[PDB]
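Number 25 in the authors' numbering belongs to position 25 of the sequence shown; there are no gaps in the numbering.
Every residue gets a Cβ at the ideal spot worked out from N, C-alpha and C, and that includes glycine.
Data block below; observations after.
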Amino acid sequence: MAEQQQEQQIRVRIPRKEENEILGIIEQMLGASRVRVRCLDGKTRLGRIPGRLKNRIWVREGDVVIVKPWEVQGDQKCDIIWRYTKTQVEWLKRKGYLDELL
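Structure (structure tokens):
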């Protein structure tokens, strides 16, 4: 219900989802091309970013990210996307509260 120049889109509803994805928040101040994420949808993984995002994320401490699952074992690897409050992570987070209560 909005089509004008300079508009913030939700960017939600992402395609490609054979086994669904997990949602976690990233943390890391050192900055060694890798970060640590904790996620809902039952997952705990180390998140990695591409060279372009690596020099464009500059995460300080307390950011939200979407993660991909890597193998299983007693710890999973994940491919993460960094963003500070937008709509995609807000959607999955709202779903977490819905499942818990409400």
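Pick from the options that is closest to residue i, judged by C-alpha positions
i, options, result
"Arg38", "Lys54, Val65 and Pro50", "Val65"
"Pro50", "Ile81, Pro69 and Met29", "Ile81"
"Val67", "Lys77, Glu90 and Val59", "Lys77"
"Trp58", "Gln73, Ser33, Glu3 and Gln88", "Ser33"
"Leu53", "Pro69, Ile22 and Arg83", "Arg83"
"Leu30", "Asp99, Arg60 and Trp91", "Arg60"
"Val89", "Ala2, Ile22 and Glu27", "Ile22"
Bounding residues of the alpha helix (DSSP H) (the contiguous stretch that carries residue i)
i, result
"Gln88", "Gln88 to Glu100"
Rounded straight-line distance, which links the Cα of residue j to that of residue i
i, j, result
"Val35", "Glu18", "25 angstroms"
"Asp79", "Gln73", "16 angstroms"
"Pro69", "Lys86", "22 angstroms"
"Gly62", "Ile25", "7 angstroms"
"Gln6", "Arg56", "22 angstroms"
Taking one C-beta from the segment 7-14 and one from the segment 36-53 each time, how about it: are there three or more such pairs within less than 8 angstroms?
-> no
Let me know the beta strand (DSSP E) ranges lying completely inside the segment 26-83, each 3 residues or longer, listed in chain order.
-> 34-40, 43-48, 63-67 and 76-83
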